[PDB]
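Fold and geometry: a report
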Amino acid sequence: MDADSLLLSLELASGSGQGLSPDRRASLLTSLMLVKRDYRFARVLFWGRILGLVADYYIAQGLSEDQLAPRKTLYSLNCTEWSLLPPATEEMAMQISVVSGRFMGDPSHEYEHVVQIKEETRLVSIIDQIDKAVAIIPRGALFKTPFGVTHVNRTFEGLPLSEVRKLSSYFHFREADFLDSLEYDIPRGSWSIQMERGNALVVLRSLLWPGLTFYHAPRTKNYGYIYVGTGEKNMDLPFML
Amino acid sequence: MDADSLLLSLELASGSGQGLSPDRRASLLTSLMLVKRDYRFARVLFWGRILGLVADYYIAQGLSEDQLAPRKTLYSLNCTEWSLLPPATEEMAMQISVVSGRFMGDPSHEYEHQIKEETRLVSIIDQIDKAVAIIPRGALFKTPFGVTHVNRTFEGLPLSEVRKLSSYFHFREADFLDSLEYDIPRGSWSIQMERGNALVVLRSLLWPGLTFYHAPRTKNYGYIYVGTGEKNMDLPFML
Amino acid sequence: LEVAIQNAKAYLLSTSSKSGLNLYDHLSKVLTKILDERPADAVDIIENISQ
Amino acid sequence: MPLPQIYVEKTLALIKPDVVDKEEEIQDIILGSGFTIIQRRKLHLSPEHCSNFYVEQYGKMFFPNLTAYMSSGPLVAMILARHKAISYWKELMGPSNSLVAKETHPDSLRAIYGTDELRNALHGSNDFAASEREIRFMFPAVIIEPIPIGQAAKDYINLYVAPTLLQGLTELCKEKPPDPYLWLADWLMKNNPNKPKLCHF
């Protein structure tokens, strides 16, 4: 969800039913304008909110002009003051393999491995996993230059109605056609394609990481995505599929 | 405004505040889907509202492939039953000039100044569409076939030329249309912005009640007139 | 003919002093921006890609 | 044909009125195999339009049931371009008589989407000249390669057009009206050899 079109995106009307209050909405317009000011980002997308147990973890990401770098994501508790999260790696994301469940409130909560595991590093590494596995990009929004710098397509139309239902018309928003298609998915059928308001909306609801919502209309220019959910991976998915 | 802007509830966010209800938002969404179904329009826009005394007028317009074609405007009272208004001539335009008074409702109403209420509605609609309809720069592309099409590579208006006033055209017959700097009188447009630089608000003062939203970075535009239904000639006294 | 091929290639290779670029590289960059997978209605926008 | 030119051949894919409601899945098949969509037309094939389209088969073989079948619903026509488009379209499409093609070619289009001979799944062009005739009849003014350069087009005008053009330009000289495009257009719409005379009232 883009910062300049947060009110111009059907969040509560997307069908997931996990949106924002007017308090959180006005806080996101003012605070995402603030993190567009002091952090020199080309464009800032509201990533989503993690529900937590005692407090909500509002997550937003910012991007440079290269458009394929790892995201300098940001977090907030009262949805007003935002600060940068440390960059993530594989060895640091390995560390929470012995713990599971929801995570609550302040980043200073220590988890038992006994190595004390911080809440903040678990949060940003989980953000990296949800970015890597799910939160797809639409087709035609990312065109390729001969150099390594990728630009967002200003001439993006970019999905016909015959290609809305197909899996192959969505790529993973991850540096790796351009990117890995959604038919390279395990298990087969881990995305719920659903028709709301006729042809005026489609949702690609992720089932490996619920409740991630991918935001159309066709003929547009949004081209957005939002994850609001419990925060942990759905390892239960092939049983229910 | 299209039904996409009816989804975002952008009439209230423009700041005019006469607005629309979720009653009428859902009713215009389903009923303008019906209007696009029965009449083969390229695009169907909710034109706006005419303020009433016993019933509220709801107006929508349909357009053909030529974007500058004479529109087939429609009216509805209970927001589901859309009915086709007749086209306007100049003979009906100078007919309704002797009637000065508020729009009442109940379209078979008769004015003693006979003169039908529907003729007044249609002539008022053509007057507003000829005067204060608004198209931004680069929104419409003049094709060499002789017709006008929507410019689908329309990048939104940059912040330097939002306030000139030479970057807004009219949605009628005449960068091939007539600009806003030649409007009579000058300064008859309320130049405004919303929170941040996210939306540009233009309010007509020759007709108090039309609002034009424009997001400067996306392809979002359209005019809605909700207001009295009268042309105030008191406007030089106001400025 | 191949002589007409060479004459038309020399005509397209001729540069302009008012812009610094020729027609051949301009149409090559236009075709580069065309050949990425846009939906098939680029006939109205072939001008706008040239601007 | 030569080195600095290329030959992008075309073929016609016909979607029969029994299978037009299932158009998205077969569209996924034909796009995923490698065939490209040039232009898709949703056309209601008239009974008086199907016979002129099928002078090659129906004009010598008595089969009016298929003529009534093409008017029973909508028909989708599309132009395809592919490397070896005719051979790969025949391989993916398979042979006709879909009762036998359900047992001989079980992965073909007619084995899944077809029922019998007359209620066929699809229809495809066989030869290149037949493809050119089918495309030229159904579709609007598009250009089909090869362009008949040299004496091929000159003979076409000199035995199809230029007698009528000579008779038009003979009467256009005597007398001489101003703006002779009116006189030439009215002569061609009036003294048409392939179109009858029209008299409005």
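Residues numbered from 1 in each chain as written, not as in the entry; some residues may be left out. Chains lettered and ligands numbered in written order. Part of a larger assembly, values for the part shown. Heavy atoms only, no water.

Determination of this PDB entry was carried out by cryo-EM to a resolution of 3.28 Å, according to the record.

Now for the sheet that holds strand β1 (residues 43-50) of chain B. Sheet strands associate in pairs through backbone hydrogen bonding, adopting either a parallel or an antiparallel arrangement. Residues and elements named next belong to chain B. A sheet is described by the order of its strands in space; here eight strands give the open sequence β4-β3-β2-β1-β14-β13-β12-β11, paired in mixed fashion. Bordering the open sheet on either side are β4 (83-84) and β11 (189-193), each of which pairs with just one other strand. Running at roughly 135 degrees to β1, helix α3 (residues 22-38) makes contact with β1, β2 (57-63) and β3 (72-76) of the sheet. The strands that helix α5 (residues 117-131) touches are β1, β2, β3, β13 (210-215) and β14 (220-227); relative to β2, the one it contacts most, it runs at about 55 degrees. (Pairing = 2+ DSSP bridges. Helix = DSSP H or I, 4+ residues; strand = E, 2+ residues; numbered from the N terminus. Contact = heavy atoms within 4.5 Å. Axes fitted to C-alpha atoms, helices over the stretch in contact; angles between N-to-C directions.)

Moving on, we get to the packing of aromatic side chains. All names here are of chain B. Taken as a whole and judged by the stated rule, the model has 21 aromatic pairs over all chains. When the centroid spacing of 6.4 Å and the interplanar angle of 25 degrees are considered together, the rings of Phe 46 and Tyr 58 count as stacked. Placement of the pair is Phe 46 in strand β1 and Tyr 58 in strand β2, with a sequence separation of 12 residues. Note on accessibility: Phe 46 and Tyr 58 belong to one class, buried. (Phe/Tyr/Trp six-rings, centres within 6.5 Å; stacked < 30°, edge-to-face > 60°. Buried < 20%, exposed > 50% of the residue type's maximum accessible area, 1.4 Å probe, protein only.)

The subject of this paragraph is the pattern of salt bridges. One pass over the structure, following the stated rule, counts 24 salt bridges over all chains. Put simply, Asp 180 of chain A and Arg 174 of chain A hold a salt bridge, and the shortest N to O gap is 2.6 Å. Judged by relative accessible area, which is 23%, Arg 174 of chain A ranks as partly exposed. Of the charged contacts in the structure, one is a salt bridge between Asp 129 of chain B and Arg 71 of chain B, with a shortest N-O distance of 2.7 Å. Salt bridges here are not isolated pairs; linked through shared partners, they connect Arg 139 and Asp 177 of chain A together with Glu 37 of chain C. (Salt bridge = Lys/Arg side-chain N within 4 Å of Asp/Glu carboxyl O.)

We now examine the sheet that holds strand β4 (residues 122-124) of chain D. All names here are of chain D. The four strands lie next to each other as β2-β3-β1-β4, forming an open sheet whose pairing is antiparallel. Two strands lie at the open edges of the sheet, namely β2 (36-43) and β4, each paired on one side alone. The sheet shows a mean angle of 20 degrees between the axes of neighbouring strands, direction not considered. In the sheet, β2 pairs with strand β3 (residues 75-81) via six bridges, with the strands oriented antiparallel. When the sheet's bridge partners are listed, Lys 42 is paired in β3 with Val 76. Running over the sheet, helix α1 (residues 23-33) touches β1 (10-15), β2, β3 and β4 and is turned about 10 degrees from β3.

Turning our eyes to something else, we now look at the packing of helix α9 (residues 162-173) of chain D against helix α10 (residues 180-190) of chain D. Residues and elements named next belong to chain D. Interaxial distance between α9 and α10 falls to 10 Å at its minimum, and their mutual angle equals 135 degrees. Judged on the interaxial angle alone, α10 and α9 are oblique. As for the relative orientation of α9 and α10, their crossing is right-handed in sense. On α10, the residues touching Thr 164, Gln 167, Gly 168, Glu 171 and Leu 172 of α9 are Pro 180, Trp 183, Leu 184 and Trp 187. (Parallel < 35°, antiparallel > 145°, perpendicular 65-115°, else oblique. Left-handed = near helix turned anticlockwise from the far one by under 90°.)

All names here are of chain A. With respect to the helices and strands, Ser 125 occurs in helix α3 (residues 119-133). When the C-alpha positions of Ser 125 and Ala 135 are compared, they lie 15 Å apart, and in sequence the two are 10 residues distant. Those residues in contact with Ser 125, other than ones at most four positions away along the chain, are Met 92, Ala 93 and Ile 96.

Looking now at the interface of chain A and chain B. Opposite the eight residues of chain A that make contact, chain B presents seven residues. Buried surface at the junction of chain A and chain B, summed over both partners, amounts to about 900 Å²; 63% is from carbon and sulfur atoms. Of all residues in chain A, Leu 8, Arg 154 and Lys 221 of chain A give up the largest surface area on contact with chain B, accounting jointly for 46% of the area buried on that side. Our count for the contact surface shared by chain A and chain B stands at one salt bridge. (Buried area = accessible area lost by both parts, 1.4 Å probe.)

Now for the pairing of strand β14 (residues 224-229) of chain A. All names here are of chain A. Of all the six residues making up β14, six are buried; the element is thus mostly covered by neighbouring parts of the structure. Because side chains alternate across β14, one face comprises the buried residues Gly 224, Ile 226 and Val 228, and the other comprises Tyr 225, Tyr 227 and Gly 229, equally buried. One ladder, built from four bridges, connects strand β13 (residues 212-215) with β14; its direction is antiparallel. Paired with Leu 212 across the two strands is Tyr 227, which belongs to β14.

Attention now goes to the arrangement of the chains. Among the four pairs of chains that make contact, the interface with the largest number of contacts is formed by chains A and B. One finds no contact linking chain B with chain D; the least C-alpha distance across the pair is 16 Å. The two units chain C and chain D remain apart, with a minimum C-alpha distance of 9 Å.

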